[PDB]
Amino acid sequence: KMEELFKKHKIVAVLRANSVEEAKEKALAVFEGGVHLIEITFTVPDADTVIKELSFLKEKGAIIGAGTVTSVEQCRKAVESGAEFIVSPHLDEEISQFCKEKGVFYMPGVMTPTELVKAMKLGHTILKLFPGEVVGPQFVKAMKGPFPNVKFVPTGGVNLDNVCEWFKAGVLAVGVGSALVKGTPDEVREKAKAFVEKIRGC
């Protein structure tokens, strides 16, 4: 289910905020601007409450998941609250096993070939590449040869200026954080439109 969605939409909003109220406002803005894939990070206070209270956005077509998951306890709260996918900055075998038990899509984050192979051995072929800015599109191109079956979602410093370079390198989708989600809701809505249009343009 999830693979096809990331393939279709090509962008996930990585939602960081300092309150439940701010996170909800930003999720709503990104969605109004055309971003349907929305990751509520666990750096948001009461992130699980946010996910539960965004059920109304799901009714409209939004796909709400959880990010910055660094423990199975957070993963469980995320899933119980309605998360449709789980993302972490790192590779975590425990979270991977939890998500399989629940039948929930997990996208671990990797930065190295060894992390990549460990993730692939746990059944993962769609990987978050984090921090993408640091390793660059070059990393994605380098992985093509040895790992033709693996697809990346680079996250970390993705912005309007570098988004097309990532798609030129062969990426499945991008995770956009601060370049998308910072600002007044009107600003965020218009940044969401800018990103959707930028991607449709590469």
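In case it trips you up, residue 1 is the first one in the sequence shown, and so on.
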Open item on the list: Please compare 141-149 with 159-167 and name the stretch with the higher mean C-alpha B-factor in the deposited structure.
Closed with: 159-167
Task: Higher-scoring stretch by recorded Cα B factor average, 47-55 or 60-68 - done: 47-55
Task: Out of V12, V20, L15, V188, highest CA B-factor residue - done: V20
TODO: Would you mind checking which of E73, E84, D92, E115 has the top Cα temperature factor in the PDB entry?
DONE: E73
